[PDB]
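Just below is one structure, and these are the notes that go with it.
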Amino acid sequence: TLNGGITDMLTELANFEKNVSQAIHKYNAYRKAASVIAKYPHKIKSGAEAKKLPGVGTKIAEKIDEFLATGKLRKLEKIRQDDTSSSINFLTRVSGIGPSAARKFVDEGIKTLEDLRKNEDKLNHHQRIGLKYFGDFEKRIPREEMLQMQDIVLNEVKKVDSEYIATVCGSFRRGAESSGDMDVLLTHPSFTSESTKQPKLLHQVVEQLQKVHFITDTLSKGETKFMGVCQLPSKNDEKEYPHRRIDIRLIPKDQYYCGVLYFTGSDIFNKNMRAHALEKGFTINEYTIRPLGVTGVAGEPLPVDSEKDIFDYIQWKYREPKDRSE
DNA sequence: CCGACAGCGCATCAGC
DNA sequence: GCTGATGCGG
DNA sequence: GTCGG
Ligand SMILES: O=c1ccn([C@H]2C[C@H](O)[C@@H](COP(=O)(O)NP(=O)(O)OP(=O)(O)O)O2)c(=O)[nH]1
Ligand SMILES: [Cl-]
Ligand SMILES: [Cl-]
Ligand SMILES: [Cl-]
Ligand SMILES: [Cl-]
Ligand SMILES: [Cl-]
Ligand SMILES: [Mg+2]
Ligand SMILES: [Mg+2]
Ligand code: NA
Ligand code: NA
């Protein structure tokens, strides 16, 4: 974190374009610049120095010079003062409320935590739970708690069927000392790219986890993806653990590597890798890596038997999960 | 300049 | 009821 | 907002 001041600035600028301006490309431009600068092993001394890095252009370089000289950015100082922008940025922090709903509520005058609570009636199910656990979802999860959660998930899944294989991905698999949430990749021999010999595969698991009171709420749920809430059990007289966000993805067993690659992230890593893939003439999703014909249309899935095989197709040396945190 | 910028599952809605 | 588009995950 | 062709 040699350039934390600069990266935080780029991140605030990113959120602004995302939440207020609804300009996703500017959002990603800022995030890319922040990321590349985050792994830069030197304390940046000038906008020009930073401009040498890919993803950092003239505009961002000018802002870096402003930030390095004054220790702040006028554009942000003004944005921070703007009531609408402020309110819109804040509301988007509730899970379920994005830029559109945020601006929408702000129009109606609903712009504070208090306002949301006195208007639950104006929230869909997901946004309702997000408000309920607003404080909790703001908290980080120490890796030690992730370990306890991992144990519960793997053992409970094993109890449903010994053939299930639950792998904890996301930032956890990347070695992080704390996570924003828990992401679980699920596989079972009965569900392959070729067939679904068994129904309720994901349901059974969700059900069992709810049975033992690990999963407390549901944000969204389908046959292959579950997005909800969970909580570690506390001992007698012991304060309860904060509620945690949990995501579970059931992927075809034979497409495991593409699935684990995707779910391990990071999101920026995935976007960079998938983009590189396109330039190399391939397309990558959580199921497969396919070549791109002359027309540009995806071809048939190429054989994959490891994460490395995917890296090899696009001519990228293998990168351990811990080195994919972009 | 100008087009590209990753990919997709679930919830919700408009139009039929 | 469906399909298609959009918001959200994030 | 940044980049490549
Ligand atoms: O936009 C996205 C979001 C997530 N993902 C993938 C990569 C990411 O590592 C994984 C889990 O998503 P999270 O939003 O949970 N992110 P991550 O676990 O990396 O970080 P955090 O610690 O915040 O949960 O899903 C994408 O491909 N694109
Ligand atoms: Cl944009
Ligand atoms: Cl994105
Ligand atoms: Cl600032
Ligand atoms: Cl695979
Ligand atoms: Cl596919
Ligand atoms: Mg995560
Ligand atoms: Mg997640
Ligand atoms: Na640059
Ligand atoms: Na939100």
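All values below come from the heavy atoms of this structure, side chains included, with hydrogens, waters and symmetry mates left out. Every chain is numbered from 1 and lettered A, B, ... according to where its sequence line falls, protein lines coming before strand lines.
Distance, A:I289 CD1 to B:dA6 P: 16 Å, rounded to whole Å. In this entry the distance linking CG of A:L10 with P of D:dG1 reads 12 Å, nearest Å. Distance CD (A:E17) to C1' (D:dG1): 9 Å, rounded to an integer number of Å. Nucleotide B:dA4 holds its P atom 14 Å from the CG atom of A:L292, rounded to whole Å. Residue A:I268 contributes atom CD1, which lies 11 Å from atom P of B:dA6 at whole-angstrom precision. What separates CZ of A:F282 from P of B:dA6 is a distance of 18 Å, to the nearest Å. A:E286 places its CD atom 7 Å from the P atom of B:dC8, with the value rounded to the nearest Å. A:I310 places its CD1 atom 14 Å from the P atom of B:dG7, with the value rounded to the nearest Å.
Scanning DNA chain C 5' to 3' for nucleotides with an atom closer than 4.0 angstrom to a non-hydrogen atom of chain A gives a first and last hit of C:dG7 to C:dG10.
At the heavy-atom level, A:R31 lies nowhere under 4.0 Å from the strands shown. Within the nucleic acid shown, A:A33 has no heavy atom closer than 4.0 Å to any nucleic acid atom. Counting any heavy atom pair closer than 4.0 Å across all strands shown, A:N28 reaches no nucleic acid atom. A:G96 comes within contact range of the sugar-phosphate backbone alone, with a heavy-atom separation under 4.0 Å but no base atom that close. Backbone-only contact: A:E223 has heavy atoms under 4.0 Å from sugar-phosphate atoms and none from a base. Residue A:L278 is classed as a sugar-phosphate contact, given heavy-atom separations below 4.0 Å to backbone atoms only. Nucleic acid contact class of A:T92 (heavy atoms, under 4.0 Å, all strands): none. Note on A:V94: only backbone sugar-phosphate atoms sit closer than 4.0 angstrom, heavy atoms only; bases stay farther off. Backbone-only engagement by A:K59 is indicated by non-hydrogen atom pairs under 4.0 Å involving sugar-phosphate atoms exclusively. No engagement by A:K32 is indicated, since no non-hydrogen atom pair under 4.0 Å with the nucleic acid exists.
For A:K59 and A:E62, the salt-bridge test fails: no basic side-chain N is under 4.0 Å from an acidic carboxylate O. Note on A:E286 versus A:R249: salt bridge recorded, some NZ/NE/NH1/NH2 to OD/OE distance being below 4.0 Å. Using a 4.0 Å cut-off between a side-chain N of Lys or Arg and a carboxylate O of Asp or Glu, A:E145 and A:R244 qualify as a salt bridge.
Base stacking of B:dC10 on B:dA11: present (ring centres under 5.5 Å, plane angle under 30°).
Distance from the side chain of A:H25 is smallest for D:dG1 among the nucleotides B:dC8, D:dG1, B:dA6. Nearest nucleotide to the A:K271 side chain, out of B:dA6, D:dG1, B:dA11: B:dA6.
A gap of 15 Å separates the P atoms of B:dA6 and D:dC3, to the nearest Å. Nucleotides C:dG7 and B:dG7 are separated by 16 Å at their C1' atoms, to the nearest Å.
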Quiz prompt | Check against side-chain contact (heavy atoms from CB on, under 4.5 Å), A:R31 and A:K18 | solution = CA-CA 11 Å; A:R31 283 210 299 166; A:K18 179 190 190 296; over 6 Å; no
Quiz item: Can A:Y30 and A:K63 be said to form a side-chain contact (heavy atoms from CB on, under 4.5 Å), step by step?
Solution: CA-CA 11 Å; A:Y30 281 121; A:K63 288 177 169 66; 3.7 Å; yes
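Below 30°, between 30° and 60°, or above 60°: for A:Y313 and A:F282 the angle between ring planes is between 30° and 60°, a tilted geometry. The aromatic rings of A:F137 and A:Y133 lie tilted to each other, with the angle between the two planes from 30° to 60°.
A:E120 places no side-chain N or O within donor-acceptor distance of the main-chain N or O of A:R128, the cut-off being under 3.5 Å. Without hydrogens or angle criteria, A:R290 side chain to A:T283 main chain gives no donor-acceptor distance under 3.5 Å.
Taking CZ of A:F172 as the reference point, atom CD1 of A:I141 lies at 11.0 Å (rounded to 0.5 Å).
With a negative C1'-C2'-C3'-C4' torsion, the sugar ring of D:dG1 falls in the south range. The furanose ring of D:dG4 falls on the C2'-endo (south) side of the pseudorotation cycle, as its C1'-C2'-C3'-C4' torsion is below zero.
Residue A:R249 is the one, among A:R249 and A:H125, whose nearest nucleotide of DNA chain B lies closer to the 5' end (criterion: closest heavy atom). Nearest-nucleotide positions on DNA chain B for A:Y262 and A:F226 put A:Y262 closer to the 5' end.
If you look at A:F90 and A:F105, their ring centroids are not closer than 6.0 Å.
Taking only side-chain nitrogens and oxygens, A:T224 comes nearer than 4.0 Å to OP1 or OP2 of B:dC10. Within the structure, every side-chain polar atom (N or O) of A:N124 is placed at least 4.0 Å from both OP1 and OP2 of B:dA11. Contact check, A:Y287 against B:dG9: a side-chain N or O comes under 4.0 Å of OP1 or OP2.
Consecutive Watson-Crick or G-U pairing (both distances under 3.5 Å) extending over three or more pairs maps onto DNA chain B as B:1-5 with D:1-5, B:8-16 with C:1-9.
Contact annotation: the side chain of A:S220 never approaches that of A:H125 to less than 4.5 Å [non-hydrogen atoms, C-beta and beyond].
The base of B:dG9 sits within donor-acceptor range of the side chain of A:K225, with an N or O pair under 3.5 Å.
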